[PDB]
Amino acid sequence: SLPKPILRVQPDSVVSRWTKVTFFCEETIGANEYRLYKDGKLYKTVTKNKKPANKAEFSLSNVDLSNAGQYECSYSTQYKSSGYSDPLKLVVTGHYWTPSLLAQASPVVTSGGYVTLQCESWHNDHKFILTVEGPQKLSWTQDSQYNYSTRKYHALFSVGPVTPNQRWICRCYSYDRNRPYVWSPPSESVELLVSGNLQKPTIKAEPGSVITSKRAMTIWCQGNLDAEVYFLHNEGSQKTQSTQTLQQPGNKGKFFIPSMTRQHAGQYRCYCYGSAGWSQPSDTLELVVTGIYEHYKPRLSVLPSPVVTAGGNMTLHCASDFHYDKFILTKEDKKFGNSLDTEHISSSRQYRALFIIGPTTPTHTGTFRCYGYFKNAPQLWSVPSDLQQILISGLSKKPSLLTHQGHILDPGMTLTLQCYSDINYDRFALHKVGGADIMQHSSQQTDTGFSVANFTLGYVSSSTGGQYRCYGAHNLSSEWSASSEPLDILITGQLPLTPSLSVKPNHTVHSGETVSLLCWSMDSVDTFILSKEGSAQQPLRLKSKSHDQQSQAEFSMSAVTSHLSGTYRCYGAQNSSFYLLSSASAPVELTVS
Ligand SMILES: *[C@@H]1O[C@H](CO)[C@@H](O[C@@H]2O[C@H](CO)[C@@H](O[C@@H]3O[C@H](CO)[C@@H](O)[C@H](O)[C@@H]3O)[C@H](O)[C@H]2NC(C)=O)[C@H](O)[C@H]1NC(C)=O
Ligand SMILES: *[C@@H]1O[C@H](CO)[C@@H](O)[C@H](O)[C@H]1NC(C)=O
């Protein structure tokens, strides 16, 4: 007879227990009386007098379980009651057991498609309803099925067709047949990610793609500014929702991780939703967590030398006593190369990995660290090995070494090595033959008009004796210069044997004489060495033939001069150790007129 009224509710039709709700009856015709019906029975009646208005209110303060049911509104003017508004289901939650909700495969879905969601609840004979948080409340009703293989009771829903214009947030409910108006508490907020058809977002991790465990990091998803909410997801499944993003400058979805654990590694992809619709997924960014398996640290060696010339073969050796599956090399803190299988060696009780690089390009100069990991956890790595640095020389002027503070040293003296060159190199490097450590320093500008590098070594010990080389390069240049001809550092006071010295001619010779001098030892000595106080030159090393049981060596001097004040001491050495000298000898001062 009259225009049918309209029924509105605030908030939405599904309300939790002990929460205030308000019905509104809407019309603009007349207001003689309003009637609220519950399940076809007169529940309440409101009269608009004793202040006249246009729309009626019904407050159900603190809703309980009995308030759930179908509600309708009617109104009367004069003496004519006008039909019924379309019914409205008021549902209340509680009393029951909370279900769980899972994506059977993944929430990723192509636009205009369907996804399968498994809801799980422990009630035997229950009907299940899957709903979405949207304007048009879409519902799905299914029965409980139990797979004999899985030995579990649960239902499945095919949601769709997933349109890219609407955001999809799914929630599951379970209810008894004979009590339909009372549902279970809502399950987890399961949101779907739609592979849209718009512009791709750029993804980054500013601390890096390889992070040691227990540390913090950030992930940025930037892109089209049509977006409102940003998401992150993994193939090893995660879902993270960021609705309010950093506005300056522009929509940049920031995600923060305070400490990396097992679940935080894997392949990440940013998804995006906006007013125009969903977007194509981002490129796959692999996040790696190291630090786990913090007991058996791997060890890294290099063959043949940590410094190689351009155009050679270089073998890196990553080994460990522990049964890892694969090893991976990292230049700087970034990736390089690829993974290789471990190899159980019978003799050395080791698990080995042999990384081949040939030829050696100047780009290989860097800081390599090898990690170990397993096949079933490709992103969970071991502890970084003690790093191995690599330098490559070849083409430029040789930077000769000053090698000051003498050529032979007794323990313990403070040794320094200065490295100079004609070309104004901005950076110098030092390395000992047969070693694994390399040293680098920035050159200072001297008064002469070129660059020199100051190198401070520690206490001269048994190990400091050997062969040393230096290299030079510019600030921008990645190619290093060929080394200088080798410096031989010698250590005395190491062998128990002690020689002595003599000369043949007179002490006060004229400046044109010849002077042969001799030092021998009754014990076995292979080579002998002559040393002068402050000898800037390399000392001469001579072979030993045994006259009697004593081992000796003559040092001849031809065309002597007064510039040579004299030769003072003699040392010994053997073929067993070419650079480790014996103790000092009796000094002998010479003079030349
Ligand atoms: C790097 O360290 C070296 C270490 O020798 C510095 O070399 C300096 O060289 C000059 C001469 O080339 C030395 O001067 C000397 O001073 C004494 C008196 O102190 C004098 O009797 C000598 O005739 C000579 O003039 C100087 O002592 C020496 N050491 C220092 C600390 O200056 C070099 O300057 C350092 N810096 C660079 C950029 O290489
Ligand atoms: C060249 O670059 C290195 C590395 O940043 C720096 O140590 C050095 O001060 C720079 N310039 C000079 C003149 O050494």
# chains A, B, ... in the order shown; residues from 1 in each chain; ligands from 1

$ residues_near_ligand --ligand "ligand 1" --cutoff "9 Å" --atoms "only C-alpha atoms and all ligand atoms" --output "ChimeraX atom specification"
/A:404-405,416-419,443-446,451-456

$ residues_near_ligand --ligand "ligand 2" --cutoff "9 Å" --atoms "only C-alpha atoms and all ligand atoms" --output "list in words"
residues 425, 426, 427, 441, 442, 443, 444, 445, 474, 475 and 476 of chain A

$ closest_atom_pairs --of "region 181-212 of chain A" --to "region 91-98 of chain A" --cutoff "6 Å" --atoms "only C-alpha atoms" --output "JSON lines"
{"residue": "A:181", "atom": "CA", "partner": "A:91", "partner_atom": "CA", "distance": 5.3}
{"residue": "A:182", "atom": "CA", "partner": "A:92", "partner_atom": "CA", "distance": 5.5}
{"residue": "A:183", "atom": "CA", "partner": "A:93", "partner_atom": "CA", "distance": 5.4}
{"residue": "A:184", "atom": "CA", "partner": "A:96", "partner_atom": "CA", "distance": 5.0}
{"residue": "A:185", "atom": "CA", "partner": "A:93", "partner_atom": "CA", "distance": 5.1}

$ residues_around --residues "residue 311 (chain A)" --least-positions-apart "3" --cutoff "10 Å" --atoms "only C-alpha atoms" --output "PDB file with N, CA, C and O atoms, in the first residue's frame"
ATOM      1  N   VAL A 308      97.770 -13.544  -8.429  1.00  0.00           N
ATOM      2  CA  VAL A 308      98.067 -14.219  -9.684  1.00  0.00           C
ATOM      3  C   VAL A 308      98.134 -13.189 -10.801  1.00  0.00           C
ATOM      4  O   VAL A 308      97.507 -12.128 -10.736  1.00  0.00           O
ATOM      5  N   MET A 314      93.056 -20.337 -11.376  1.00  0.00           N
ATOM      6  CA  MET A 314      92.954 -20.143  -9.936  1.00  0.00           C
ATOM      7  C   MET A 314      91.923 -21.107  -9.364  1.00  0.00           C
ATOM      8  O   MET A 314      90.776 -21.147  -9.826  1.00  0.00           O
ATOM      9  N   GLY A 358      89.208 -19.671 -14.554  1.00  0.00           N
ATOM     10  CA  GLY A 358      90.235 -19.546 -15.558  1.00  0.00           C
ATOM     11  C   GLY A 358      89.655 -19.144 -16.898  1.00  0.00           C
ATOM     12  O   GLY A 358      88.750 -19.798 -17.427  1.00  0.00           O
ATOM     13  N   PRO A 359      90.166 -18.050 -17.483  1.00  0.00           N
ATOM     14  CA  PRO A 359      91.290 -17.246 -16.984  1.00  0.00           C
ATOM     15  C   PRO A 359      90.909 -16.279 -15.864  1.00  0.00           C
ATOM     16  O   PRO A 359      89.730 -16.149 -15.531  1.00  0.00           O
ATOM     17  N   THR A 360      91.910 -15.612 -15.294  1.00  0.00           N
ATOM     18  CA  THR A 360      91.719 -14.693 -14.173  1.00  0.00           C
ATOM     19  C   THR A 360      91.632 -13.271 -14.719  1.00  0.00           C
ATOM     20  O   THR A 360      92.645 -12.668 -15.082  1.00  0.00           O
ATOM     21  N   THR A 361      90.413 -12.738 -14.772  1.00  0.00           N
ATOM     22  CA  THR A 361      90.178 -11.376 -15.223  1.00  0.00           C
ATOM     23  C   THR A 361      90.420 -10.389 -14.081  1.00  0.00           C
ATOM     24  O   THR A 361      90.289 -10.744 -12.907  1.00  0.00           O
ATOM     25  N   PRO A 362      90.780  -9.142 -14.401  1.00  0.00           N
ATOM     26  CA  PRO A 362      91.017  -8.149 -13.338  1.00  0.00           C
ATOM     27  C   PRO A 362      89.818  -7.906 -12.435  1.00  0.00           C
ATOM     28  O   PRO A 362      89.985  -7.318 -11.359  1.00  0.00           O
ATOM     29  N   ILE A 392      95.090  -9.271  -8.375  1.00  0.00           N
ATOM     30  CA  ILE A 392      95.575  -9.688  -9.686  1.00  0.00           C
ATOM     31  C   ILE A 392      96.370  -8.544 -10.299  1.00  0.00           C
ATOM     32  O   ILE A 392      95.863  -7.424 -10.420  1.00  0.00           O
ATOM     33  N   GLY A 394      99.724  -7.497 -13.339  1.00  0.00           N
ATOM     34  CA  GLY A 394     100.088  -7.817 -14.703  1.00  0.00           C
ATOM     35  C   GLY A 394     100.830  -6.750 -15.481  1.00  0.00           C
ATOM     36  O   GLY A 394     101.963  -6.977 -15.918  1.00  0.00           O
TER      37      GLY A 394
END

$ closest_atom_pairs --of "region 241-346 of chain A" --to "region 162-167 of chain A" --cutoff "8 Å" --atoms "only C-alpha atoms" --output "tab-separated table"
residue	atom	partner	partner_atom	distance
A:273	CA	A:167	CA	7.5
A:275	CA	A:165	CA	7.1
A:276	CA	A:165	CA	6.6
A:277	CA	A:165	CA	4.6
A:278	CA	A:164	CA	5.4

$ atom_distance --atom1 "CA of residue 515 (chain A)" --atom2 "CA of residue 555 (chain A)"
8.3 Å

$ residues_around --residues "residue 317 (chain A)" --least-positions-apart "6" --cutoff "12 Å" --atoms "only C-alpha atoms" --output "PDB file with N, CA and C atoms, in the first residue's frame"
ATOM      1  N   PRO A 298      83.334 -23.199   7.976  1.00  0.00           N
ATOM      2  CA  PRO A 298      84.124 -23.662   6.832  1.00  0.00           C
ATOM      3  C   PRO A 298      85.473 -22.961   6.773  1.00  0.00           C
ATOM      4  N   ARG A 299      86.392 -23.565   6.023  1.00  0.00           N
ATOM      5  CA  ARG A 299      87.719 -22.998   5.826  1.00  0.00           C
ATOM      6  C   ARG A 299      88.016 -22.879   4.338  1.00  0.00           C
ATOM      7  N   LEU A 300      88.659 -21.776   3.966  1.00  0.00           N
ATOM      8  CA  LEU A 300      88.895 -21.419   2.573  1.00  0.00           C
ATOM      9  C   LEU A 300      90.389 -21.259   2.326  1.00  0.00           C
ATOM     10  N   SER A 301      90.884 -21.920   1.282  1.00  0.00           N
ATOM     11  CA  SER A 301      92.260 -21.778   0.830  1.00  0.00           C
ATOM     12  C   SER A 301      92.266 -21.470  -0.663  1.00  0.00           C
ATOM     13  N   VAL A 302      93.426 -21.056  -1.166  1.00  0.00           N
ATOM     14  CA  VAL A 302      93.574 -20.631  -2.552  1.00  0.00           C
ATOM     15  C   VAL A 302      94.828 -21.264  -3.137  1.00  0.00           C
ATOM     16  N   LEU A 303      94.739 -21.688  -4.400  1.00  0.00           N
ATOM     17  CA  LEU A 303      95.851 -22.251  -5.143  1.00  0.00           C
ATOM     18  C   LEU A 303      95.963 -21.557  -6.493  1.00  0.00           C
ATOM     19  N   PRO A 304      97.188 -21.232  -6.935  1.00  0.00           N
ATOM     20  CA  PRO A 304      98.429 -21.492  -6.198  1.00  0.00           C
ATOM     21  C   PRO A 304      98.803 -20.384  -5.213  1.00  0.00           C
ATOM     22  N   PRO A 306      97.431 -16.289  -3.581  1.00  0.00           N
ATOM     23  CA  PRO A 306      96.365 -15.274  -3.537  1.00  0.00           C
ATOM     24  C   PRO A 306      96.578 -14.122  -4.505  1.00  0.00           C
ATOM     25  N   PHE A 327      78.439 -25.636  -1.262  1.00  0.00           N
ATOM     26  CA  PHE A 327      79.143 -24.428  -0.864  1.00  0.00           C
ATOM     27  C   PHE A 327      78.942 -23.347  -1.918  1.00  0.00           C
ATOM     28  N   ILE A 328      78.990 -22.093  -1.473  1.00  0.00           N
ATOM     29  CA  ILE A 328      78.772 -20.939  -2.340  1.00  0.00           C
ATOM     30  C   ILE A 328      79.795 -19.863  -2.002  1.00  0.00           C
ATOM     31  N   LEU A 329      80.353 -19.237  -3.038  1.00  0.00           N
ATOM     32  CA  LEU A 329      81.325 -18.162  -2.894  1.00  0.00           C
ATOM     33  C   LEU A 329      80.621 -16.812  -2.952  1.00  0.00           C
ATOM     34  N   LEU A 340      78.250 -25.421  -5.839  1.00  0.00           N
ATOM     35  CA  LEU A 340      78.883 -26.656  -6.274  1.00  0.00           C
ATOM     36  C   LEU A 340      78.702 -27.720  -5.200  1.00  0.00           C
ATOM     37  N   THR A 342      79.336 -30.792  -2.606  1.00  0.00           N
ATOM     38  CA  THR A 342      80.380 -31.237  -1.699  1.00  0.00           C
ATOM     39  C   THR A 342      80.871 -32.626  -2.102  1.00  0.00           C
ATOM     40  N   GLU A 343      82.067 -32.971  -1.627  1.00  0.00           N
ATOM     41  CA  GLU A 343      82.709 -34.230  -1.985  1.00  0.00           C
ATOM     42  C   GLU A 343      83.393 -34.803  -0.754  1.00  0.00           C
ATOM     43  N   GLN A 350      87.472 -34.948   5.302  1.00  0.00           N
ATOM     44  CA  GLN A 350      86.943 -33.639   4.960  1.00  0.00           C
ATOM     45  C   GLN A 350      85.852 -33.737   3.904  1.00  0.00           C
ATOM     46  N   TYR A 351      85.044 -32.682   3.842  1.00  0.00           N
ATOM     47  CA  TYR A 351      84.097 -32.439   2.763  1.00  0.00           C
ATOM     48  C   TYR A 351      84.614 -31.248   1.968  1.00  0.00           C
ATOM     49  N   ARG A 352      84.847 -31.462   0.676  1.00  0.00           N
ATOM     50  CA  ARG A 352      85.639 -30.573  -0.162  1.00  0.00           C
ATOM     51  C   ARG A 352      84.777 -29.920  -1.236  1.00  0.00           C
ATOM     52  N   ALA A 353      85.196 -28.729  -1.669  1.00  0.00           N
ATOM     53  CA  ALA A 353      84.582 -28.058  -2.807  1.00  0.00           C
ATOM     54  C   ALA A 353      85.650 -27.272  -3.551  1.00  0.00           C
ATOM     55  N   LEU A 354      85.719 -27.483  -4.866  1.00  0.00           N
ATOM     56  CA  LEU A 354      86.783 -26.966  -5.722  1.00  0.00           C
ATOM     57  C   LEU A 354      86.168 -26.008  -6.732  1.00  0.00           C
ATOM     58  N   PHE A 355      86.422 -24.715  -6.561  1.00  0.00           N
ATOM     59  CA  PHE A 355      85.898 -23.679  -7.441  1.00  0.00           C
ATOM     60  C   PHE A 355      86.981 -23.281  -8.437  1.00  0.00           C
ATOM     61  N   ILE A 356      86.704 -23.485  -9.721  1.00  0.00           N
ATOM     62  CA  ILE A 356      87.657 -23.235 -10.796  1.00  0.00           C
ATOM     63  C   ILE A 356      87.375 -21.862 -11.388  1.00  0.00           C
ATOM     64  N   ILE A 357      88.424 -21.061 -11.579  1.00  0.00           N
ATOM     65  CA  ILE A 357      88.309 -19.798 -12.301  1.00  0.00           C
ATOM     66  C   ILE A 357      89.491 -19.693 -13.253  1.00  0.00           C
ATOM     67  N   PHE A 368      86.698 -12.718  -0.924  1.00  0.00           N
ATOM     68  CA  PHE A 368      85.847 -13.887  -1.074  1.00  0.00           C
ATOM     69  C   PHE A 368      85.635 -14.580   0.266  1.00  0.00           C
ATOM     70  N   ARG A 369      84.388 -14.989   0.506  1.00  0.00           N
ATOM     71  CA  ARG A 369      84.004 -15.788   1.666  1.00  0.00           C
ATOM     72  C   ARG A 369      83.096 -16.910   1.184  1.00  0.00           C
ATOM     73  N   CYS A 370      83.324 -18.133   1.655  1.00  0.00           N
ATOM     74  CA  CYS A 370      82.504 -19.264   1.240  1.00  0.00           C
ATOM     75  C   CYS A 370      81.602 -19.728   2.377  1.00  0.00           C
ATOM     76  N   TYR A 371      80.360 -20.053   2.025  1.00  0.00           N
ATOM     77  CA  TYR A 371      79.346 -20.530   2.953  1.00  0.00           C
ATOM     78  C   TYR A 371      78.907 -21.934   2.553  1.00  0.00           C
ATOM     79  N   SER A 385      83.264 -18.117   6.456  1.00  0.00           N
ATOM     80  CA  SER A 385      84.636 -18.504   6.734  1.00  0.00           C
ATOM     81  C   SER A 385      85.507 -17.266   6.920  1.00  0.00           C
ATOM     82  N   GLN A 388      89.145 -14.619   2.535  1.00  0.00           N
ATOM     83  CA  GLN A 388      90.335 -14.742   1.700  1.00  0.00           C
ATOM     84  C   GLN A 388      90.305 -13.633   0.660  1.00  0.00           C
TER      85      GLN A 388
END

$ residues_around --residues "region 457-461 of chain A" --least-positions-apart "5" --cutoff "10 Å" --atoms "only C-alpha atoms" --output "list in words"
residues 409, 410, 411, 412, 413, 414, 415, 416, 417, 491, 492 and 494 of chain A

$ write_last_selection --atoms "C-alpha atoms" --output "PDB file, in the first residue's frame"
ATOM      1  CA  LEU A 409     117.162  -8.535  11.157  1.00  0.00           C
ATOM      2  CA  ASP A 410     117.687 -10.074  14.592  1.00  0.00           C
ATOM      3  CA  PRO A 411     114.724 -10.768  16.914  1.00  0.00           C
ATOM      4  CA  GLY A 412     113.108  -8.698  18.009  1.00  0.00           C
ATOM      5  CA  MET A 413     113.335  -5.521  15.919  1.00  0.00           C
ATOM      6  CA  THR A 414     110.563  -3.304  14.563  1.00  0.00           C
ATOM      7  CA  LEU A 415     110.546  -3.764  10.780  1.00  0.00           C
ATOM      8  CA  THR A 416     108.965  -1.370   8.287  1.00  0.00           C
ATOM      9  CA  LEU A 417     108.633  -1.698   4.517  1.00  0.00           C
ATOM     10  CA  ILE A 491     116.087 -13.718  10.246  1.00  0.00           C
ATOM     11  CA  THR A 492     119.155 -14.505  12.360  1.00  0.00           C
ATOM     12  CA  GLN A 494     117.340 -19.019  14.717  1.00  0.00           C
TER      13      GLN A 494
END

$ atom_distance --atom1 "CA of residue 245 (chain A)" --atom2 "CA of residue 218 (chain A)"
13.6 Å

$ select_by_dssp --residues "region 216-453 of chain A" --states "strand (DSSP E or B)" --output "PyMOL selection string"
chain A and resi 217-222+227-234+239-242+246+252-257+266-274+278+285-290+299-303+307-309+314-320+326-331+334-335+340-341+343-344+351-357+366-373+380-381+388-393+401+408-409+414-420+427-432+438-442+444-445+451-453

$ residues_around --residues "residue 82 (chain A)" --least-positions-apart "5" --cutoff "10 Å" --atoms "only C-alpha atoms" --output "PyMOL selection string"
chain A and resi 1-5+73-77

$ write_last_selection --atoms "N, CA, C and O atoms" --output "short mmCIF file (atom, residue, chain, number, x, y, z; two decimals), in the first residue's frame"
data_model
loop_
_atom_site.label_atom_id
_atom_site.label_comp_id
_atom_site.auth_asym_id
_atom_site.auth_seq_id
_atom_site.Cartn_x
_atom_site.Cartn_y
_atom_site.Cartn_z
N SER A 1 0.83 -1.20 0.00
CA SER A 1 0.00 0.00 0.00
C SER A 1 0.86 1.26 0.00
O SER A 1 0.56 2.23 -0.69
N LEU A 2 1.94 1.22 0.77
CA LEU A 2 2.87 2.33 0.92
C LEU A 2 4.27 1.89 0.50
O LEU A 2 4.54 0.68 0.40
N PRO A 3 5.18 2.83 0.24
CA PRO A 3 6.55 2.45 -0.12
C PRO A 3 7.20 1.61 0.97
O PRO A 3 7.19 1.99 2.15
N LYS A 4 7.76 0.48 0.57
CA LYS A 4 8.39 -0.43 1.53
C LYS A 4 9.58 0.24 2.20
O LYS A 4 10.39 0.88 1.53
N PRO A 5 9.71 0.13 3.52
CA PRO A 5 10.83 0.77 4.21
C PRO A 5 12.15 0.05 3.97
O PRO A 5 12.19 -1.01 3.33
N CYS A 73 11.54 -4.80 9.23
CA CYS A 73 10.94 -3.55 9.69
C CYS A 73 9.71 -3.22 8.87
O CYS A 73 9.69 -3.41 7.65
N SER A 74 8.67 -2.73 9.56
CA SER A 74 7.49 -2.19 8.91
C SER A 74 7.11 -0.88 9.57
O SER A 74 7.61 -0.53 10.64
N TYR A 75 6.21 -0.14 8.93
CA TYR A 75 5.75 1.12 9.50
C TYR A 75 4.29 1.32 9.14
O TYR A 75 3.79 0.79 8.15
N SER A 76 3.61 2.11 9.98
CA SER A 76 2.21 2.44 9.79
C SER A 76 2.03 3.95 9.75
O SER A 76 2.66 4.68 10.53
N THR A 77 1.18 4.40 8.82
CA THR A 77 0.66 5.75 8.72
C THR A 77 -0.86 5.67 8.60
O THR A 77 -1.38 4.78 7.92
#

$ residues_around --residues "residue 57 (chain A)" --least-positions-apart "6" --cutoff "10 Å" --atoms "only C-alpha atoms" --output "list in words"
residues 8, 9, 22, 23, 24, 25, 26, 34, 36 and 46 of chain A
